[PDB]
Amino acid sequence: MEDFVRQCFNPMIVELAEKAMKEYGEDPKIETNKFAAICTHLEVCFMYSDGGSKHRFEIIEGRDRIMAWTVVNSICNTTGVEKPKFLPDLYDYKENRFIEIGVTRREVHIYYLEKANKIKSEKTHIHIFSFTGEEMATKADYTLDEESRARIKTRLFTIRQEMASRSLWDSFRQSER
């Protein structure tokens, strides 16, 4: 499964995911399922920022903490949106709202509630994807057009199928907590 992650995600995603695990004292060579999960969430974030206009989305995830907070504070100073308590994943210029992105192997609506009851931010939007293609977001607002969204689930499904082809999906489907 370690080899699979490296042959599945581009090297910039791999590097980003290892740094994040090491920053928390976890070994990518060992927590291979968390490894893959960080990569997938990272790749989905890059794809969300790709739908819509060329500059619709400022991306927060994947930057070091200092730059990440530099972006968010800069947006709050210019537009006046409330400053989130936690680093969210993107900013949506067209709609004036921070976005949180979740990717779960579990059921989509439970993960919604989990990250709703902990976000406590009125003006931060939650958008959740599954590998089985069930997506769940806030106030029934899903931001991107069905076409951008479809490309993301298709990518997520494609990951699922090759993990299964290498017989990794079952263990990857249990590890989540």
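Here, rigid core means the biggest group of C-alpha atoms that superpose within 1.5 Å across both forms. Numbering starts at 1 and runs along the sequence shown.
Stretch comparison, 34-42 versus 59-67: after rigid core superposition, larger RMS CA deviation in 7 other deposited structures of this protein is found for 59-67. Root-mean-square C-alpha deviation from the shown form, taken over all structures in 7 other deposited structures of this protein superposed by the rigid core, is larger for 25-33 than for the alternative among 25-33 and 130-138. According to the PDB record, 162-170 carries the higher mean C-alpha B-factor of the two stretches 162-170 and 10-18. On average the C-alpha atoms of 117-125 have higher B-factors than those of the other stretch, with 40-48 and 117-125 being the two compared. Which of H55, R63, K29, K34 has the largest Cα B-factor in the deposited entry comes down to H55.
When the C-alpha B-factors of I59, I152, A140, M67 are read from the PDB record, the largest value belongs to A140. When all modelled residues of the chain are sorted by CA temperature factor, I99 is found within the middle third.
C76: CA B factor in the middle third of modelled residues in this chain (values from the PDB entry). Among the modelled residues of the chain, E107 sits in the middle third by CA temperature factor in this PDB entry. When all modelled residues of the chain are sorted by CA temperature factor, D89 is found within the lowest third.
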